[PDB]
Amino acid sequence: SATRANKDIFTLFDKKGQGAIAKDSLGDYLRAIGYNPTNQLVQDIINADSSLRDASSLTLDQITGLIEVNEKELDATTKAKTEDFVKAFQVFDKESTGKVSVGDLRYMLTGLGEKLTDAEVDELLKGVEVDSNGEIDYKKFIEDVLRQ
């Protein structure tokens, strides 16, 4: 990502001023610049590189190269999750039916926040299953929006 930010943040980790940080700080550095890797992923990224594998510290250039060759896996750790959205629906689903009426959904989407229009909602609903009761399974709805 933005080398300007990445580079600045790198300096605050490089207290010895030796142009490199402890290999054990790699996870913290990657979290500080915006990613969310497990310890497993961080270790797998390092071992996948014989040159870095047994190194004691890592420079900015080495870390930048590591990011670029694992960019997709790292970007994926910041992807929106279904669970992040379900809260917008759950607050209003008092009985936890897991369903929202098409009327309430259109209201929420066109009346609040960065309002969508009826015409955007109409287009979206073509890909959405509506009950004979006019109800929509909201986790399924969120999963579909997020898929791809």
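Heads up: residue numbers just count along the shown sequence, starting at 1.
Higher-scoring stretch by recorded Cα B factor average, 83 to 91 or 56 to 64: Mean CA B-factor is higher for 83 to 91.
5 to 13 set against 131 to 139, stretch whose average Cα temperature factor tops the other in the entry: The stretch with the larger mean CA B-factor is 5 to 13.
Highest Cα B-factor in the PDB entry belongs to which of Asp49, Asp122, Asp28, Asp104? Among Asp49, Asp122, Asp28, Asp104, the PDB entry lists the largest C-alpha B-factor for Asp49.
Candidate residues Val42, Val69, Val100, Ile33, the one whose C-alpha B factor the record puts highest: Out of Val42, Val69, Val100, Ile33, the record gives the largest C-alpha B-factor to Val42.
Could you place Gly113 in the lowest, middle or highest third of its chain by Cα temperature factor, using the values in the record? Middle third - that is where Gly113 ends up once the chain's C-alpha B-factors are sorted.
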